[PDB]
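Order of writing sets the labels: A, B, C, D, E, F, G, H, I, J, K, L, M, N, O and P. Residues in every chain begin at 1.
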Amino acid sequence: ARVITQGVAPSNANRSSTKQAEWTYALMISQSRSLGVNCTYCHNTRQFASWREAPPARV
Amino acid sequence: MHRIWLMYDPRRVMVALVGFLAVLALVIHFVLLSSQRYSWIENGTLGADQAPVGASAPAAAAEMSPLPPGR
Amino acid sequence: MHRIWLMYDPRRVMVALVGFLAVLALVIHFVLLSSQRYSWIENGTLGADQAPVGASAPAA
Amino acid sequence: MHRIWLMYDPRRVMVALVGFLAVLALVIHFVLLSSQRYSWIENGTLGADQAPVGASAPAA
Amino acid sequence: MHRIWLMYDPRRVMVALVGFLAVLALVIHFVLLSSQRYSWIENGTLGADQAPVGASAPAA
Amino acid sequence: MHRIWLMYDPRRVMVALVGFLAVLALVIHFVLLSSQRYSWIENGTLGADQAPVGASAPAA
Amino acid sequence: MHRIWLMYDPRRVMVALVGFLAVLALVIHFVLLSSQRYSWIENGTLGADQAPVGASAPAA
Amino acid sequence: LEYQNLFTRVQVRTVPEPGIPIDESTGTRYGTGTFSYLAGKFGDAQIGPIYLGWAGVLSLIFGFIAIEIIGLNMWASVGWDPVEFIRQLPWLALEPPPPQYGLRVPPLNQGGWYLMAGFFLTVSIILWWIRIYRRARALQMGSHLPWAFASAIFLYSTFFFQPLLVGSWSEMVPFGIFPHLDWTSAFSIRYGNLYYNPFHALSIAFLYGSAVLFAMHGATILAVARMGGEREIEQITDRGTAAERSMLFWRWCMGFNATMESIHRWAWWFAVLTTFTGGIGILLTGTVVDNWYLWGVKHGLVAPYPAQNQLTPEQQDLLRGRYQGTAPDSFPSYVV
Amino acid sequence: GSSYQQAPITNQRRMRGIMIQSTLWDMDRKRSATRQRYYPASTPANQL
Amino acid sequence: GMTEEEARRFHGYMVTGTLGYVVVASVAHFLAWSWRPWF
Amino acid sequence: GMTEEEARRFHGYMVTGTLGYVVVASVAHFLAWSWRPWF
Amino acid sequence: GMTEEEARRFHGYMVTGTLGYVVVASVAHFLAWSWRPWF
Amino acid sequence: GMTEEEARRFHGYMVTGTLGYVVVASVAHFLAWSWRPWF
Amino acid sequence: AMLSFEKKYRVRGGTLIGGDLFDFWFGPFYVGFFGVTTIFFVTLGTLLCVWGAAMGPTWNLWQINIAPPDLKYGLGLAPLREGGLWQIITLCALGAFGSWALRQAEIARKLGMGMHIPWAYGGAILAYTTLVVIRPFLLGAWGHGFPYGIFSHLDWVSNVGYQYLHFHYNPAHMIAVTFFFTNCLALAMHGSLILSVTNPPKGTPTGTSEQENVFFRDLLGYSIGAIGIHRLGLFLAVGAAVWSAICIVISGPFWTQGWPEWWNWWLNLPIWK
Amino acid sequence: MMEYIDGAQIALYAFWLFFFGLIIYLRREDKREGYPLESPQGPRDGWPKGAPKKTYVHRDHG
Amino acid sequence: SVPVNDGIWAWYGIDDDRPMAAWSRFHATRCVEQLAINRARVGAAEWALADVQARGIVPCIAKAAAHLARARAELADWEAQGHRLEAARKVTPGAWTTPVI
């Protein structure tokens, strides 16, 4: 489900579409509602990709 | 029938007509170019017996993928 | 019955009429082209015996 | 009865009528076209006994 | 009772009346069309015993 | 009593009243229609013993 | 035929024509350059027997 | 209680309504002036005749067909049901092509109508620009308005060029009320939080500054409208006490002032720079920078917070996922 | 995927918007609106 | 606006036009009911 | 605007124009019917 | 405005150009049809 | 505005310009066809 | 220094508080009592911001971050190094902004102007007060305020939005956005029109209100007129801030679910339920 | 191969140089009225020095 | 539309300009106010006509005469109300001691 690049510049490693980010966003709304929580329960939304900035519940 | 040009200014009708005809022409070419059977830029060299038929299904291709590789 | 043109300015009526017919013609062609049975640009060469029908396969 | 046309300008009424009937007629056709039973572009060639019917009694 | 038409312009009343009846009629038809029991375009051919009924008390 | 129709314009108060009753009646019907007990378009044919009742007090 | 220039000012029509031809030419080049068969900046040196061709009917 | 100039109690009407003054060729004024009492209570009353010319007429034909294609695809997507067309309207979309097509022409249902609607809309917008430009010249006015409108068109065009530069039409904005907001949010997700794009931050500063300025300037002119301050052209050519007092208010408040003319230059640039800096920020996204937060870490924008979690080395290998791939095109049985 | 198999037409969504399953369909459960989400069955006439 | 004679004249067309249209709609419903009855 | 004998002249063209259009559309339908009937 | 003489002159060119254009389009369809028929 | 003889002089260049453009486009199309035919 | 016409305007009077005591200028600036309180709060607040930077991890301008307290402190003052400093700076901010609006009222009264500018600024103060006073009070802890830091407050905006899953679906936010966008369009048209009549192409005479009116009427179909466009610009710019205040105060205190599921009422209208 | 310098940063300083140029231009335009300033030490111009006062050609008659 | 003088309150049926033959204190108050205004409005309209006749500008004289005639017609409408209220004031016991007109 990952779509975010782990570097500053664009690269062959990630060619995700904005449509694929829409699909992950759909999936994540489903998970949030399934628990009765919002995105900040598992993310710091300044970086959805980040694990260090996110609570342990993301693991 | 020529009295239609008294009722409408031909200088205005000619602009509306050229507009209508250009949009219609462009619509039909873009419609055909998006079809399987008539996408002549890619498949125009095919004979009439081997151009696609019946490709009317709405999801002929996958909706979700990465972009094509950067090379 | 031509006295309807005394009641309405034909110069406005013909613009309204032509405008209406063009949009109606466009809508109907788009509805048909969106259908399975009458998507004629892909399936126009099919005979009527093999054109799509909006029913499921028999014996359920 | 005709004195109703002294109360209202028939040029305004007859336009309002044509507008109403045109939109109403379109609505009805599209309400039918989007049903299962009257989706006549896909299924109009089905016989009346073959045409769909909505679900009925609730239990086995 | 006709004195009411001295108190009000009858052409204003007829416009307000006819518009009220039109909207009210449409609202009722769309309410019914959205219901299960009276979805008559899909299920109008069902007999009165076959037509849907909303859920009862459990009475278990 | 009747001198109130000197203090207020009859022609005007009647419109205000008739508009108020129209709004009140429609609100009450729509409140009932969205209940369970009185969703009469779906369940109106149920007998009074058989119609829904809101959940009771009994609890552990 | 020349009287068209009495009806339309050629200092307008010339500019409109040049603009139309510019955008049309740019569109057609862009459509071709985006295609597989005619992406000539990358594949222009391929011979005609080597250039891409779009699919076929899958007629066995 | 003091008269606030927010509402006009007494309008006046002229039996004739003003017409267009000059240059009637290649195009003509449609209609004739009429008065609106409500518009005449907000502002000036004449709902006017209107000008199109060749460019305006063609702009409407192209733009009508674009909107017609958008609406008919929306209506087809709920199966032509006219009740669902209204009920679901803000969720409906005409959607870009699938990503694996890149820049190739896609199938008609799968984004081929999208590109066609986008083409006619773009041509329509350019013809409307030509209309505005020609009309400014014909009224013997400066071209300040068409260059202001060109800045908006610049931002709009980046929603074509950035998808072109990343190489796929699938990255374009869907035509739809909520869908284009879904795209807007997902674009910031894909590219790693657009708040750290510095041209996005600049565009916001100019968007806010445009609201600051029109609030300040709108309030300033109403505060001196009791002295004819709203007759701004007269105040520019023949400075009255209304212009002097509005200059002194801002000088005494914040230590510097504009003039009655040059305040309109501040206004013009703040509006124009909103969409111009915005467009640059889009064009850099996915082409030069692919994760703006990491660009912000590199350049020192990102405030440090204490860690909320720490990964062990084997979790750093376990908790990496996969980049998202293709949807499954089969319905597996698990019977064996 | 190495190649694409097209789904049965009754499994193909009419709505191409990516998020509509979360933003609408998880709260909308009107029967007629539900039925419209997928293309209906479609068969060559000589196979009826 | 109109005279009483003009209203009288127009009303004859309007009533006849309306009832004519309703007659054509009646045949359309006859054809539709024969093809696929709704009750 | 329109004169009586100006309106009557215009009406003649409108009738033959309408009829000519309806004829072409009728041929268009019967041709489409022969190709792929909808009932 | 136009004179009727001027309108008649314009109508001659307009009808001729329209029918000429339709004839050219008729040939373009003959070529398209013989390349790849659509029915 | 142009006079009729001023217009008829302009028309001669316009036709020649159009013919020249179409000729260049024809040679371009024939080069393109010989390089990579589209039918 | 003074503008060439300024001196005759520099009279006494028009103050709300203090009378002649502070009724004087300092360079271009009018002082007044609310000038004195402005400088006090500005200075105290700014130096406490510098103190916040000093005890934080960096002097990098973009990264300085003076954060509110933990939610556990509720409506009390927290320890100063644990968010109590943010609370003291917030009081200075409220004092500085209020003093600024009242000083604007004194200036306007001295010039015989209407009170439009102070009240227009009140729209912005309302939004700030909503963000740091009203919404945190309704939620029961000052820690719901945003942090003072050029980019850390954007992290707060991001996270508050995603507390409601898809903040674009907030209906008051859609209105607020529409006002902000419509304001910027209207500002570009008003600026362009005045400049284009006052700065026509070389050798053209100066334009007129009639030309401006004609052109505008071809843009929108109707004449707004001179006072009308300034009413519109004020309505749009201040309405944007008021609807912003509404959109954030309903998020949390009144609506707690995701914003997309608020739209369920539209799907269930009885005509099409 | 420059690690720190990247196109987004280069663009941003390009903008800053334009923007500070623009503020100067606008502050020159803002001084076409009311300047030079009166002062007990004689005239003052501020900075930048203002553009000169415009004279406006009126519509010749109408 | 709302009438000018009762405005928003006309939505609630307060409408004191309407022709009233019974005695009513509210209509009497209104009529005394509107008589004074309309007498002054006639006085202004005939001053305006005299001024424009002195200037001799015929189309302005024509309009000023039309305006004066209209102003007189409105004053007569209020004087009719004043008299019919005067008739009622004499007989309805609770009514004012001061005349209405």
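Note that contacts are C-beta pairs under 8 Å (C-beta built on N, C-alpha and C of every residue); 3 or more make two chains touch, one makes a residue touch a chain.
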**Minimal step count in the chain contact network, chain D to chain J** = 1
**Prompt:** In this assembly, which chains make contact with chain C and also with chain M?
**Reply:** B
**Item:** Winner on C-beta contact pairs when D-H is weighed against A-B
**Value:** A-B
**Complete:** Among E-J, C-L or G-M, the pair repeating the D-J interface (over half the contact pairs identical) is G-M
**Chain at the geometric heart of the assembly (C-alpha centres)** = H
**Message:** Same or different interface residues for chain C and chain D, judged by whether over half of the residue numbers are used by both?
**Reply:** different
**Complete:** Averaging C-alpha coordinates per chain, one finds the centres of chain B and chain I separated by a number of Å equal to 26
**Request:** Express in whole angstrom the distance between the two chain centres, defined as the mean CA positions of chain D and chain F.
**Result:** 31
**Whole-Å separation of chain centres (CA-atom averages), chain B against chain L** = 20
**Request:** Check each residue of chain C and list the ones that touch at least two other chains.
**Result:** 1, 10, 31, 36-38, 41, 45, 48, 51-55
**Residues of chain O engaged with two or more neighbouring chains** = 6, 34, 56, 58
**Prompt:** Can you list the chain A residues in contact with two or more other chains?
**Reply:** 8-11, 15-17, 19-20, 22-23, 25, 29, 33, 44-46
**Residue ranges of chain C touching chain B (in the complex, touch as defined)** = 10-11, 22, 33, 36, 39, 41-43, 45-46, 52
**Prompt:** Which of the residues in chain K end up touching chain C in this complex?
**Reply:** 1-2, 4, 7-8, 10-11, 14, 35-38
**Fill in**
Within their complex, chain H touches chain O through residues 197-199, 202, 236-237, 239, 243, 247, 256-262, 265-266, 269, 277, 280, 284, 288-289, 295, 298-299
**Item:** Footprint of chain N on chain H - complex, ascending
**Value:** 2, 4-6, 18, 20-21, 36, 39, 42-51, 83-84, 86-87, 132, 135-136, 139-145, 147-149, 151-152, 178, 181-182, 184-185, 193, 195-196, 207, 210-226, 230-233, 236-237, 244-249, 251-256, 261, 264-265, 267-268, 270-272, 274, 296, 300-304
**Message:** For a test of understanding, state which residues of chain B touch chain H in their complex under the given definition.
**Reply:** 9, 12, 15-16, 19-20, 23, 26-27, 30-31, 33-36, 39, 41-42, 58-68, 70
